[PDB]
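Enquirer: Sharing an experimental structure here, sequence included.
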Amino acid sequence: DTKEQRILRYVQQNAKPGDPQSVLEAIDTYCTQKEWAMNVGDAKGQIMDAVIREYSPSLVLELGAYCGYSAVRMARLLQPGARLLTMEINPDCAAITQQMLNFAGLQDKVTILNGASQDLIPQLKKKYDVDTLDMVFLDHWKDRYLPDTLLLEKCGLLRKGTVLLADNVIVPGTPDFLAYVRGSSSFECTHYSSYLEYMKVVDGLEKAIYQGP
Ligand SMILES: Cc1cc(-c2n[nH]c(CCNC(=O)c3cc(-c4ccc(F)cc4)cc(O)c3O)n2)ccn1
Ligand SMILES: [Cl-]
Ligand SMILES: [Cl-]
Ligand SMILES: [Mg+2]
């Protein structure tokens, strides 16, 4: 089997159904002790939690679910009725994410879409009845952070105050995105320095709040 299947199995055998916190803990244990994986992790995850609590978004889009760690992290803090849409390009990982969310008891809050961000973003309004997004978590291909931000804007999915939160802006790094949002009058940016998941390597999150045209 694959690493991702092993992570799911470990959660199923070491966490409590319906207990998101136990799911996060199980994933972090496995990835610290057994096999590294590209989940956002606990260090950056704590920063994400603080942001989600500050903004209490009603509708969140995640780009790049992987195994569902971040989707569990965000969805467990959403208010009743609030929703997460998450996109995952790898079909095997999309299925793992669905199963992860099901185990965590968060499946009614989250819709996991299998496909590429460039294809799915233009369908959000008419197919998924999205008006505007309250928050976007960028965690997909690092080359796509900038084009997909621009595409979100083109599609009319951003409003004044939409929060973009970007993983991995240092490692692997997203230099074009960072330069762009930090240089743009349409964004108010803050950097949260942290560490790459499960590693003693500096990484960070960027928050970029959309200001309108
Ligand atoms: C809908 C759609 C979805 C996607 C999509 N789905 N899933 C992803 C995952 C992307 N993530 C990464 O590659 C990533 C890599 C590292 C890393 C690797 C190796 C190192 F040595 C150091 C760090 C660390 C991380 O935290 C990462 O997030 N993209 C893509 C396109 N369209
Ligand atoms: Cl993750
Ligand atoms: Cl960590
Ligand atoms: Mg990441």
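Expert: Everything's here; your move. Numbering: from 1, shown residues only. Ligands and ions are numbered 1, 2, ... in the order given.

Enquirer: For this structure, which segments count as helices?
Expert: 3-14, 20-33, 41-55, 69-75, 91-104, 117-120, 124-128, 145-154, 175-183 (DSSP state H).

Enquirer: and of those, who's closest to ligand 2?
Expert: helix 69-75 (3.6 Å; CB to the ion). In this view, the C-beta of every residue, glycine as well, is placed from N, C-alpha and C.

Enquirer: you'd agree residue 99 is up against residue 5?
Expert: No. Using CB atoms under 8 Å, residue 99 is not in contact with residue 5, being 9.7 Å away.

Enquirer: need the residues of this structure near ligand 2, please.
Expert: Residues of the chain lying near ligand 2 by CB under 5 Å from the ion: 39-40, 66, 69-70.

Enquirer: Looking at those, which two lie furthest apart in space?
Expert: 40 and 66 (8.7 Å; CB to CB).

Enquirer: Spell out which residues are contacts of both of those two.
Expert: Counting by CB atoms under 8 Å, 6 or more residues apart in numbering, the shared contacts of residue 40 and residue 66 are residue 139.

Enquirer: just to revisit the earlier point, what about residue 99 and residue 5, which has more around it?
Expert: Per other CB atoms under 10 Å, whichever of residue 99 and residue 5 has more neighbours is residue 99, with 19 against 14.

Enquirer: so how far is residue 197 from the nearest residue to the more buried one once chain neighbours are set aside?
Expert: Of all residues not flanking residue 99 in the chain, residue 8 sits nearest, at 5.8 Å (CB to CB, 6 or more residues apart in numbering). According to CB to CB, to the nearest Å, residue 8 and residue 197 sit 17 Å apart.

Enquirer: do residue 208 as well
Expert: From residue 208 to residue 197 the distance is 21 Å (CB to CB).

Enquirer: quick one, which of those two is more surrounded?
Expert: Using other CB under 10 Å, the more surrounded residue of residue 208 and residue 197 is residue 208, with 27 against 24.

Enquirer: Leaving out chain neighbours, which residue sits closest to the residue in the chain that ligand 4 sits nearest to?
Expert: Residue of the chain nearest ligand 4, by CB to the ion: residue 167 (3.7 Å). When the adjacent residues along the chain are set aside, residue 167 lies closest to residue 139, with 4.4 Å between them (CB to CB, 6+ apart).

Enquirer: ok, so what distance separates the one you found from ligand 3?
Expert: Residue 139 sits at a distance of 14 Å from ligand 3 (criterion: CB to the ion, to the nearest Å).

Enquirer: What about that residue, how many residues nearby?
Expert: 26.

Enquirer: residues contacting it?
Expert: So residue 139 contacts 40, 62-64, 66, 70, 166-168 (CB under 8 Å, 6+ apart).

Enquirer: and with 10 Å instead?
Expert: 38-40, 44, 62-66, 69-71, 86-87, 145, 165-168, 205 (CB atoms under 10 Å, 6 or more residues apart in numbering).
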